[PDB]
Asker: 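Got a structure for you, written out below as structure tokens; questions coming shortly.
Counting convention: from 1, in listed order, for ligands and their atoms alike. FYI, the numbering just counts along the sequence from 1.
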Amino acid sequence: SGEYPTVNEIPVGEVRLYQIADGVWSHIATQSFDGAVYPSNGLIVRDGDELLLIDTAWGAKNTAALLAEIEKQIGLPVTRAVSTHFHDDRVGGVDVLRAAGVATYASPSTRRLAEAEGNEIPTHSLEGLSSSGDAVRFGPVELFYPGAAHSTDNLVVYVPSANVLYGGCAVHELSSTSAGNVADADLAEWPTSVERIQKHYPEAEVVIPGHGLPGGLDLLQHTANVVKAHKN
Ligand SMILES: C[C@@H](c1cccc2c(-c3ccc(CS(C)(=O)=O)c(F)c3)c(C(=O)O)[nH]c12)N1C[C@H](CCCN)OC1=O
Ligand SMILES: [Zn+2]
Ligand SMILES: [Zn+2]
């Protein structure tokens with residue numbers, strides 16, 4: 001009923017949307033992984049009379065439920081999707097999207113890592129993002145490659161009309177006590193990558209992590225802090 005929906009509040013298989021700003025929503029779903037349940041976020045950005053999707057809802061059935069929830073709550077077609085790194089919480093559901101008419105995109109680095117890992121593979125490659133600090137426009141957002149952090153391929157997304165910074169899994173929520181799933185992370189480079197984000201998007205008003213609650217710019221410094229302590 002209005003607060004940001006939380007892990008214990010969403011059954012696995014249901015999706016909820018949360019209005020972030022005019023024409024910007026997050027999507028929230030839950031999934032089981034190695035015997036524990038986790039929430040995860042994505043983004044929806046209005047693109048005239050179409051929608052741009054950032055990240056799947058972590059699985060095929062969750063992503064089908066996402067499309068149904070978008071049609072119920074918004075009623076505009078999802079035409080393009082971008083996955084911000086290669087893990088299942090970002091690409092799991094790409095096959096569902098591709099069968100629902102959605103053109104799926106990711107960097108070549110993400111596509112290679114997804115293919116090598118056995119994860120679902122976005123169709124189209126996003127060039128122009130291979131060097132840290134690179135930025136490209138994609139509909140109503142800017143895509144930014146900050147450098148290696150949670151993964152070597154992680155992208156962040158900025159919505160300039162609303163000053164919304166979607167950090168994806170390179171950014172953690174304020175309540176976090178460690179750096180999440182660090183399997184593919186570069187803990188040494190992560191603070192430098194976060195510093196690049198801070199320098200590039202100083203006017204961000206909302207910061208959305210890959211998992212958990214949105215907040216303000218403090219999420220970036222908090223992320224650096226929990227990562228530095230995890231490495232140590
Ligand atoms: C699918 C993904 C994956 C699965 C399960 C959990 C997560 C978490 C995660 C964990 C804890 C917290 C709370 S907290 C900040 O307080 O610790 C959190 F917010 C997020 C993340 C993430 O941190 O983004 N991602 C996960 N996977 C799988 C892949 C490894 C595959 C190797 N066989 O790597 C990866 O990330
Ligand atoms: Zn990940
Ligand atoms: Zn993640």
Asker: Could you identify the N, O or S atom of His87 positioned closest to the Zn ion (ligand 2)?
Answerer: ND1
Asker: Can you classify the ring geometry of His150 versus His87 as parallel (below 30°), tilted (30 to 60°) or perpendicular (above 60°)?
Answerer: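 Perpendicular, since the angle between the ring planes exceeds 60°.
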Asker: Do any nitrogen or oxygen atoms of ligand 1 lie under 3.5 Å from a protein nitrogen or oxygen, and which ones?
Answerer:
| from | atom 1 | to | atom 2 | distance (Å) |
| --- | --- | --- | --- | --- |
| ligand 1 | 16 (O) | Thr177 | N | 3.4 |
| ligand 1 | 17 (O) | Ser178 | OG | 2.9 |
| ligand 1 | 17 (O) | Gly180 | N | 3.0 |
| ligand 1 | 23 (O) | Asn181 | N | 3.0 |
| ligand 1 | 24 (O) | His211 | NE2 | 3.0 |
| ligand 1 | 34 (O) | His87 | ND1 | 3.3 |
| ligand 1 | 34 (O) | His87 | NE2 | 3.3 |
| ligand 1 | 36 (O) | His87 | ND1 | 3.0 |

Asker: Could you measure the distance from the CZ atom of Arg16 to the CD atom of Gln73? Nearest 0.5 Å is fine.
Answerer: 7.5 Å
Asker: Okay, side chain of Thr30, backbone of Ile10: is any donor-acceptor separation there less than 3.5 Å?
Answerer: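 Present.
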Asker: Does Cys169 put an N, O or S atom under 2.8 Å from the Zn ion (ligand 3)?
Answerer: yes
Asker: Backbone or side chain, does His211 get an N/O/S atom under 2.8 Å to the Zn ion (ligand 3)?
Answerer: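 It does; at least one qualifying atom falls short of 2.8 Å.
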Asker: Which angle, to the nearest 10 degrees, do you find at the Zn ion (ligand 2) between NE2 in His150 and NE2 in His85?
Answerer: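 The angle at the Zn ion (ligand 2) comes to 100°, rounded to the nearest 10°.
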Asker: Which value, rounded to the nearest 0.5 Å, describes the distance between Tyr166 atom OH and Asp55 atom CG?
Answerer: 3.5 Å
Asker: So, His85 side chain and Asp153 main chain: donor-acceptor pair closer than 3.5 Å or not?
Answerer: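 No, because the side chain of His85 does not come within donor-acceptor range (under 3.5 Å) of the backbone of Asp153.
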Asker: Is it true that atom NZ of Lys61 has more than 12 heavy atoms of other residues, nucleotides or ligands lying nearer than 6.0 Å?
Answerer: no
Asker: In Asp89, the N, O or S atom nearest to the Zn ion (ligand 3) is which?
Answerer: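 That would be atom OD2.
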Asker: Apply side-chain contact (heavy atoms from CB on, under 4.5 Å) to residues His211 and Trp58 and explain how you reach the verdict.
Answerer: CA-CA 11 Å; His211 307 262; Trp58 197 357; 4.0 Å; yes
Asker: Can you confirm whether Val159 sits close enough to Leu43 that some side-chain heavy atom of one is under 4.5 Å from a side-chain heavy atom of the other?
Answerer: yes
